[PDB]
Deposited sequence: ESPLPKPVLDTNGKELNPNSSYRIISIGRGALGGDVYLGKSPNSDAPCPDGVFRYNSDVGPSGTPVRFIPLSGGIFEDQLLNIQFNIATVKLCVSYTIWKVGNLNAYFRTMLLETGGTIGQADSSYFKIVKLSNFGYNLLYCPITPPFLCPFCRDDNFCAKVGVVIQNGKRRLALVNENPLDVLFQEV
């Protein structure tokens, strides 16, 4: 019985819902590459709708996000929505909001997408956990409580975030 612990950014500050963070990797160079909003393949969607991370961190920085906790603050092991915190055209507002996709028969998993909703019964909820001595992991939780770890599959040469069983993605939160 430990009690709720705050998530901390790379500066050691508690995550604030009114701030923006890049989700960066544990690794540097070739193992680096921040999370970003990109275009998927075989995607009907009118807007960018894939959640990816870069193939190395020697290039662009990630797309910032905010965390919308269901009730109150950003704490470990607590449900929240995640949304890329940038301006889009009216059409694409939905497509900043993280969502888990339909089970993809080739990968035999669900890939992370955008196009969901904030704070509803149909929304995709995630939690931030410390499964490790350094950094955090993201889990997807429907409706401990039957969650799934987020990691990466390789899709058209890109790092596509997806649900996995082993090697989840280790991340830190870098205030923007």
Inset, instruction - Show which contiguous pieces of the deposited sequence have no C-alpha coordinates, counting from residue 1. - result: 1, 145-155
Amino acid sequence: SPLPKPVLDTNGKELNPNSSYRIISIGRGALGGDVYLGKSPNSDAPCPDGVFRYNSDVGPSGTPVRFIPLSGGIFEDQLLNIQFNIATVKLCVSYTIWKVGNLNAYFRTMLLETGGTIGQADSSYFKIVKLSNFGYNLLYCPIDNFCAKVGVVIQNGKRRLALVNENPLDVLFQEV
From here on, numbers count along this sequence of modelled residues.
Inset, instruction - Pick between 50-58 and 65-73: the one whose mean CA B-factor in the entry is higher. - result: 65-73
Inset, instruction - On mean C-alpha B-factor from the PDB entry, just flag whether 128-136 or 147-155 is the higher one. - result: 128-136
Legend entry - Given 103, 86, 97, 92, the residue at which the Cα B factor reaches its maximum: 103
Legend entry - 116, 38, 41, 32, ranked by C-alpha B-factor: the highest one: 41
Inset, instruction - Using the B-factor values recorded in the entry, state whether the Cα atom of residue 26 falls in the lowest, middle or highest third among the modelled residues of its chain. - result: middle
Inset, instruction - Taking the values exactly as deposited, rank residue 8 by C-alpha B-factor within its chain and report the matching third: lowest, middle or highest. - result: lowest
Inset, instruction - Taking the chain's C-alpha temperature factors as the reference, tell me which third residue 111 falls into: lowest, middle or highest. - result: middle
